[PDB]
Amino acid sequence: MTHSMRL
Amino acid sequence: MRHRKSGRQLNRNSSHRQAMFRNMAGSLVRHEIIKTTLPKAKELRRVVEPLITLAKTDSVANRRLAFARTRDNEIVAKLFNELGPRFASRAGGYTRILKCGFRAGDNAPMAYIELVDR
Amino acid sequence: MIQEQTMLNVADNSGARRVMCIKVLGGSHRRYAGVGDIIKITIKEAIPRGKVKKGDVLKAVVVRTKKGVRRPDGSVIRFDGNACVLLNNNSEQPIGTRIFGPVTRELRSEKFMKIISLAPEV
Amino acid sequence: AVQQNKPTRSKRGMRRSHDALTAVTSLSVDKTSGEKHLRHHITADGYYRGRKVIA
RNA sequence: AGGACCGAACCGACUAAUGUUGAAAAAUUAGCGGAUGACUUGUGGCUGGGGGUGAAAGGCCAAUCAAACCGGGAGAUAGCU
RNA sequence: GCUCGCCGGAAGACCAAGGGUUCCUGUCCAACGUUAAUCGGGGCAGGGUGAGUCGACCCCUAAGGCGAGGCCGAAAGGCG
RNA sequence: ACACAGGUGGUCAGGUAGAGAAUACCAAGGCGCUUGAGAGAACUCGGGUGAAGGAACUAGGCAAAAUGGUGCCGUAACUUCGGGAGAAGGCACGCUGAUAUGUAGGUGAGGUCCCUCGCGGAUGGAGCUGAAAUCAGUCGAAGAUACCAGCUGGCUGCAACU
RNA sequence: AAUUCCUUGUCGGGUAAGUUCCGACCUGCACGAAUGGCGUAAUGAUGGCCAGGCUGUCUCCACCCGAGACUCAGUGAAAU
RNA sequence: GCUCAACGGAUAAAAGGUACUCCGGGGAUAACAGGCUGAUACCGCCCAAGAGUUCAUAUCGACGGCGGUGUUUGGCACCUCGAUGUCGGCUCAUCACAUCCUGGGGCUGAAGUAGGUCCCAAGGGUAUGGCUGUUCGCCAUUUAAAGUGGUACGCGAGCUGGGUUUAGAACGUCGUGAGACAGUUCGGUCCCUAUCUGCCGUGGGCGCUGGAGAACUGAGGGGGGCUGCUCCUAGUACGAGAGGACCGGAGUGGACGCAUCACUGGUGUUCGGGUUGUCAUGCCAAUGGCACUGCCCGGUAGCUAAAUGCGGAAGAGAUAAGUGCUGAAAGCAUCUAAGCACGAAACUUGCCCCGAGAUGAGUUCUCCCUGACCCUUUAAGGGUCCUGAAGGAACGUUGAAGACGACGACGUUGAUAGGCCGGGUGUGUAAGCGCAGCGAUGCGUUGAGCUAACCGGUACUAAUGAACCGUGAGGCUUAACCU
Ligand SMILES: CC[C@H]1OC(=O)[C@H](C)[C@@H](O[C@H]2C[C@@](C)(OC)[C@@H](O)[C@H](C)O2)[C@H](C)[C@@H](O[C@@H]2O[C@H](C)C[C@H](N(C)C)[C@H]2O)[C@](C)(O)C[C@@H](C)C(=O)[C@H](C)[C@@H](O)[C@]1(C)O
C-alpha cells in the first residue's frame, strides 16, 4: 500500500 | 478535581445509586441492623438519617415525602409509628457504624450499620 | 468580542446594512475588538441609494456588543446585536450623518466625540 | 514495546524489593473477653470495646 | 399500473469512530442504500483445474487462486545465502 | 424470600437442520468454569424417550443420478 | 480452536399511544450477560452543556449541530409534458366546555308486517362504537412537547435511468 | 476540456483577496464523429464549486456524566 | 561452403510485457537520509576602470583575483536491501548568527523627519487569511517585525494522510499488441500493553557518627527579560516653507505568563420547577420508575475564562563596538605601551521558585535518655536480665492535600467527619382543606414547601485504654582551657 515503502 | 465536593460515585451512575440507597434504607429500617461495605455505610448514613428526621413530625405531607423517598408503605408505617416516638429525644446520630473484618470473596471492607436503640 | 468574520450591523446611515470584520486593528495577534476599537470591514449588503457600495474595504468602530462592556462600578451593559459606525479609511471620521440607537459613554474621546454627539442615547 | 535484551535476576530482585507485605503491628486485646482483634473492628465473637454488639 | 415513492423485517456495505498481541483471521456503534423485483431465501441437484463460473474485478471455486488441494515423480534443480 | 433493573415482532414460546445424553435425581469439588464455589452444560452412580392418527418408512413423481440390452470409445470408460 | 459482542430456515405474536411487525412503556414468560471492592489524577473511549463569534478549522463543513409529523395555502427555471415537487416557503396543532346530557358515519336488538317458512326479507331504531370541525375558555417559556421523524438552494463534469 | 506541456494562458463573473469553479477566446504540444461527436429532462451513498441555515470544526477550550487507566484481593498472558 | 562481426564461434532455427506478479540473493548496486568532496550555490574579502555635476572608495562597483561555510544543484558509492517509513499540514520544540524588530555606535552626497551603509549585540519577540496537496509563490489586510539556516530537508512506537508511489477505471499520446507515460483524472486498511537511556512528577531505604523535633544560611540550578500608541517638554531646537525632534516624563494598550473566583459568565446527570408517553403504588388525589439527565427551564458550592489583580523593572558591577583624558616610544603627533574615565535589551547581580545526598552531607535553638552483671578471638567485642525516654509509626475521622505513597488537621483533656439546629442561597405560592366555576383551572391559607457541596454553632454518632518501633550519656588523635 506504498506509504511505508521506500518506493 | 473534587475540591469540596460531597457524595461518593461508588462506581455507579445516578439512577443506580439512588435506587440502591432506597433499597438499603428500606432494609435498614426493616431489620434495624444490616451488614454492608464501609463507604456504602457512610453514604447510607447520609441517606437514611434525613428520613428519621422526617419522621419526627407526623402529618400527611411528611408521610407523602417519606413515601416519595422510600416507596414502601410498610417502611413509612414503621418510620412514623416506631422510629418517630423512639428517636424523639436525640438530635441527630440515629445510626452507628461498626467495622467487621473483610469480605471473603473480594476482600472488601465490611461494616455493620445499625440504629441506636438496640 | 468582535473577531474576524463577524457580521455586524451598521449604526449610522452610511448606506451599508451589514458589514463583516476582516481585521481587528492595533497590535500583532490581536483577537477581539471591544467598543473603543477600530476594525477593518468589508461591506456585504448596502442600500441601493447609499454613500458606500458593496465590496468596499474601510474602517469602522464598534458601538454595541452582545458581550457587553463592563463599568468600573461592577456593572455591565449588554446590548442585543453587534453594531458599528463606519469611518473614513484614512481620515478616521464617520461617513453618515445620523446615528441610530444607543452608544456607550466608554466611547468618549475626540473623533468618537464627533460620533457621540449624534446618538440618541449614551 | 519489547526489551532489547532480558533483565537479570538481580534487577528483578531489586524491583521486587518494594513488594514486601507489611505485617499488622499488634492486635489489641478486648477488655472483657480478652480476644485479639484489629483496632476499631469488632471481635469474631461480636464484642467492641467491652460491649456485645452483634448477636 | 409501475425493474414507481417513503419506510420496518430481509438483503447489502457509503461515511466516521472504535477495535488492530480484537469480543471478532473482516466485527461493533451511529448515521447509510435497495426493499414487488434484473428481489431475497430454504432444501436438493449440475458444471471442476489450463478446467468451471463470471451484469468482467484476472474476481470466485472450502480463511488457499495470473492456474485449488492431496499424493506421487522427488532427496527436481539451486554458478545463490 | 423481599425490593431494584433489563428484554418483551425478544434476551419469550414451539420445531426443522445440526448436535448426541448436554434432560432429571442423588452425590463430589482434584482438573474444567478466565475469580471463589456449597453451584454447573464439570466427575460419578442411577433414572428418563410409550403413537393405527405427529414424522420417517410407504405410494407417486421434478431437477438430477444410475441404467439391462444398445450406440460410441487404446483400456479404464462415456452417453443413453 | 473458546461457556467466542459474529452467523443460522419456519411457526406464534397480548395492552396503552401509534399508520405500523417502527418506536416508548408494560403482560405472559425469561434474564441481570461467572472477577469483585474502593478511589474519583493525566490520558483514552462514549456522551451532555456552553458566553461572544459562526467554517475563521481542514485536502474537503469530515464529524457533529440543525431539519423532521399531519392537514391546509402556495410553489420557479427547465422538461422527454410523466415530471421537477415533499421545490422553495408559510400557518394550525395541548386540555376543558358547547354545538352534540357525544354529532356525521359504522354496527344494528327488541318489536311490528310479508312468506313459498328460515341460517328468510322489509320498516324500525334501542344498545354499542365513534371521527373530524367551529366557537368559547384555560394553563405553560415551549402543545407534531418524550421516543420517532427530509437540511435546503444555485452552477457544472461523467454515466440516460433501476 | 476526465484531453493544454508551456501555464496559475488571457479576458469576464463570483471573493477583501480565487493555481480550484463558471462564461468566453482558439496558440487543439497531443478533440472529433458507433474503440461514436455534441446536447439533454429525470436519476446518482458520483466529482468539483458557491450560498442560506446550523453548530466546540475553529478562535480556545471549560465543566459535567459514565467505561477503563490508579489502589486492594483472586486468576493470570504475549511479542521480544 | 559461416557480417558464425556479440569476430575462442552455446542451437540448423528465437521478440516483448508484468503496477497481478513470484523466488533466491545483494548495501558487491541505485532511490531517502548520513559520510567524503565542494565544481555549482551562498556569504566575505583584494585590486580598481567607471558611475555618483567635479570627485573611484556616501552608495554601487566592471575586467580579473583570494577565501569561508556546508548551504542549493551536483560528484563518489563508504553505512543500511535477514527493512534506516516519504512531501506537506498539526502539536512540541531546540540551537547558530551570516540580526527582521528592539538596543548600542561610525560614516553619509546626515538640516529635521525618515533613510542608506558598516561595526557590536542572540535577552526577549518574530502575523491572520484567499488560492494551491503544496514547501514556495502571488494576493488582501495588519504589525515594532512578519529574520535566515541547522536539528534523518527536527518531529508517523506523537496525530493526519491531501501529494507522490500497489491492485480498479478513464482521457491525450506512444505501441500491431500485452501495456507504458516526473502527463492528467476519480477511488483506495497508517500496527505496537515501554525493558533500558532520556525527560516530567512523586515516594521507600540508608547515609550525614547518641537519638529526635523544628527554623534557616545558602553552593548550585531554573523561570523571567517583548513592545506599540497617546500626552508633556514643544509645535521648541532644525528648516525659506512643507514639515518637525534628540534627551526626558507620565498615562494607556496588544501579545505572554503567574495567581484567584470578589465581580461578569460557563458548567453544575448530587437542588427546585414545568411538561410528553407509559407502567406501578387498590382507586381519586399525590408521587415514583423508565424513555440520552425523556425533553426542557433556572441554579448552590466547587472547578473555570471570555472575568479580575499582578509581573517584565529601577539600580549595581565588569564590559563589546565606539568615544575620550594624560602620554611617550618617534622634540611633533597619537584613546595605549605605563596610567585614568565613559560606554549596550548580551555577561554577573538585583526579582521569583527549587535547593545541605552541597557525601565538602553546613549552622542555630529546643528536647530526651545517669542500670546491674557474666563470657570470650579483653574488641569501636558478644550475651543475659531490668528499663524503654524524647519521638515516631501503625490505627481511626478526614482535608479547597492527593493516581498510590506523601503532605496537613484531629482522636473525647475532642468540632476531625456525618447528623442536628439556626441562617444563607436556589427554585418559585407545596400538600391538604375551603371558596368561585359545568369544567379545565383560578383564588385564600402562602413568597409557601423543598433545598447538594456553603456559613455560624451543637458531642447526638464515629474517632478505645493500650500494645509496636526507637534506648540506657554516645570512638581515637592532637590542640586550647578548666577545676
Ligand atoms: C493490523 C496490524 C498489521 O499491521 C499493519 O496493518 C500495519 C499498519 C502495516 O502497514 C500496512 C499499511 C501501510 C500504509 O503502512 C502503514 C503500508 O505501507 C504497509 C505496506 O502495510 C505494517 C506496519 C506493515 O509493515 C511495513 O511494511 C513496509 C513494506 C515496510 C515498512 N518499513 C519500511 C517501515 C513496514 O512497517 C506490514 C508488512 O503489514 C507488517 C507485517 C509484519 C504484517 O503483515 C503484520 C502481520 C501486519 O499486517 C499487522 C501487524 O497485523
# chains A, B, ... in the order shown; residues from 1 in each chain; ligands from 1
call {"tool": "residues_near_ligand", "arguments": {"ligand": "ligand 1", "cutoff": "10 Å", "atoms": "only C-alpha atoms (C1' of nucleotides) and all ligand atoms", "output": "MDAnalysis selection string"}}
result
(chainID A and resid 1:7) or (chainID E and resid 20:21 25) or (chainID I and resid 83:85 156 161 166 189:192)
call {"tool": "residues_around", "arguments": {"residues": "residue 26 (chain D)", "least_positions_apart": "3", "cutoff": "12 Å", "atoms": "only C-alpha atoms (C1' of nucleotides)", "output": "list in words"}}
result
residues 22, 23, 29, 36, 37, 38 and 39 of chain D; 394, 395, 466, 467, 468 and 469 of chain I
call {"tool": "write_last_selection", "arguments": {"atoms": "N, CA and C atoms (P, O5', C5', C4', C3', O3' and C1' of nucleotides)", "output": "PDB file, in the first residue's frame"}}
result
ATOM      1  N   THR D  22       3.377  -5.491  54.532  1.00  0.00           N
ATOM      2  CA  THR D  22       3.528  -5.096  55.921  1.00  0.00           C
ATOM      3  C   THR D  22       2.676  -5.985  56.814  1.00  0.00           C
ATOM      4  N   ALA D  23       3.226  -6.327  57.968  1.00  0.00           N
ATOM      5  CA  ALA D  23       2.505  -7.065  58.988  1.00  0.00           C
ATOM      6  C   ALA D  23       1.676  -6.090  59.806  1.00  0.00           C
ATOM      7  N   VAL D  29      -6.308  -6.149  72.563  1.00  0.00           N
ATOM      8  CA  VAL D  29      -6.995  -7.083  73.436  1.00  0.00           C
ATOM      9  C   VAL D  29      -8.288  -6.412  73.864  1.00  0.00           C
ATOM     10  N   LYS D  36      -8.052 -11.241  70.766  1.00  0.00           N
ATOM     11  CA  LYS D  36      -7.359 -10.309  69.901  1.00  0.00           C
ATOM     12  C   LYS D  36      -8.245  -9.929  68.724  1.00  0.00           C
ATOM     13  N   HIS D  37      -8.069  -8.702  68.252  1.00  0.00           N
ATOM     14  CA  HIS D  37      -8.803  -8.197  67.106  1.00  0.00           C
ATOM     15  C   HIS D  37      -8.008  -7.047  66.525  1.00  0.00           C
ATOM     16  N   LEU D  38      -8.449  -6.569  65.372  1.00  0.00           N
ATOM     17  CA  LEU D  38      -7.882  -5.348  64.831  1.00  0.00           C
ATOM     18  C   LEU D  38      -8.376  -4.152  65.633  1.00  0.00           C
ATOM     19  N   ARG D  39      -7.660  -3.040  65.526  1.00  0.00           N
ATOM     20  CA  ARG D  39      -8.159  -1.815  66.126  1.00  0.00           C
ATOM     21  C   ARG D  39      -9.365  -1.340  65.345  1.00  0.00           C
TER      22      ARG D  39
ATOM     23  P     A I 394       2.251   4.945  59.050  1.00  0.00           P
ATOM     24  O5'   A I 394       1.427   3.824  59.816  1.00  0.00           O
ATOM     25  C5'   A I 394       1.740   2.449  59.661  1.00  0.00           C
ATOM     26  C4'   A I 394       1.070   1.619  60.724  1.00  0.00           C
ATOM     27  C3'   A I 394      -0.429   1.791  60.824  1.00  0.00           C
ATOM     28  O3'   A I 394      -1.125   1.036  59.851  1.00  0.00           O
ATOM     29  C1'   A I 394       0.506   1.927  62.976  1.00  0.00           C
ATOM     30  P     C I 395      -2.243   1.737  58.948  1.00  0.00           P
ATOM     31  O5'   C I 395      -3.504   1.813  59.911  1.00  0.00           O
ATOM     32  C5'   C I 395      -3.960   0.652  60.578  1.00  0.00           C
ATOM     33  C4'   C I 395      -4.850   0.983  61.745  1.00  0.00           C
ATOM     34  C3'   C I 395      -5.988   1.938  61.467  1.00  0.00           C
ATOM     35  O3'   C I 395      -7.069   1.324  60.789  1.00  0.00           O
ATOM     36  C1'   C I 395      -4.953   2.521  63.508  1.00  0.00           C
ATOM     37  P     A I 466      -3.511   4.889  77.632  1.00  0.00           P
ATOM     38  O5'   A I 466      -2.829   3.513  78.048  1.00  0.00           O
ATOM     39  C5'   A I 466      -1.981   2.820  77.146  1.00  0.00           C
ATOM     40  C4'   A I 466      -2.494   1.429  76.865  1.00  0.00           C
ATOM     41  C3'   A I 466      -1.480   0.447  76.307  1.00  0.00           C
ATOM     42  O3'   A I 466      -0.655  -0.113  77.314  1.00  0.00           O
ATOM     43  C1'   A I 466      -3.489   0.311  75.063  1.00  0.00           C
ATOM     44  P     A I 467       0.797  -0.693  76.946  1.00  0.00           P
ATOM     45  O5'   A I 467       0.485  -2.137  76.350  1.00  0.00           O
ATOM     46  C5'   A I 467       1.516  -2.936  75.794  1.00  0.00           C
ATOM     47  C4'   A I 467       1.089  -3.550  74.487  1.00  0.00           C
ATOM     48  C3'   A I 467       2.128  -3.517  73.381  1.00  0.00           C
ATOM     49  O3'   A I 467       3.101  -4.540  73.495  1.00  0.00           O
ATOM     50  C1'   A I 467       0.065  -2.775  72.524  1.00  0.00           C
ATOM     51  P     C I 468       4.656  -4.180  73.328  1.00  0.00           P
ATOM     52  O5'   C I 468       4.782  -3.714  71.811  1.00  0.00           O
ATOM     53  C5'   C I 468       4.565  -4.617  70.738  1.00  0.00           C
ATOM     54  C4'   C I 468       4.887  -3.970  69.416  1.00  0.00           C
ATOM     55  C3'   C I 468       6.241  -3.290  69.333  1.00  0.00           C
ATOM     56  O3'   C I 468       7.300  -4.193  69.083  1.00  0.00           O
ATOM     57  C1'   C I 468       4.587  -1.855  68.447  1.00  0.00           C
ATOM     58  P     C I 469       8.761  -3.901  69.676  1.00  0.00           P
ATOM     59  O5'   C I 469       9.334  -2.740  68.750  1.00  0.00           O
ATOM     60  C5'   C I 469       9.742  -3.005  67.418  1.00  0.00           C
ATOM     61  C4'   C I 469      10.061  -1.734  66.672  1.00  0.00           C
ATOM     62  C3'   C I 469      11.258  -0.942  67.173  1.00  0.00           C
ATOM     63  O3'   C I 469      12.490  -1.424  66.669  1.00  0.00           O
ATOM     64  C1'   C I 469       9.431   0.515  66.829  1.00  0.00           C
TER      65        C I 469
END
call {"tool": "closest_residue", "arguments": {"among": "C:113, C:43, C:62, C:77", "to": "chain H", "atoms": "only C-alpha atoms (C1' of nucleotides)"}}
result
C:43
call {"tool": "closest_atom_pairs", "arguments": {"of": "chain B", "to": "chain G", "cutoff": "8 Å", "atoms": "only C-alpha atoms (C1' of nucleotides)", "output": "CSV"}}
result
residue,atom,partner,partner_atom,distance
B:1,CA,G:41,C1',8.0
B:2,CA,G:40,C1',7.6
B:9,CA,G:40,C1',7.5
B:10,CA,G:38,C1',7.8
B:105,CA,G:36,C1',7.5
B:106,CA,G:36,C1',5.2
B:107,CA,G:37,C1',6.8
B:108,CA,G:37,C1',4.8
B:109,CA,G:37,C1',7.7
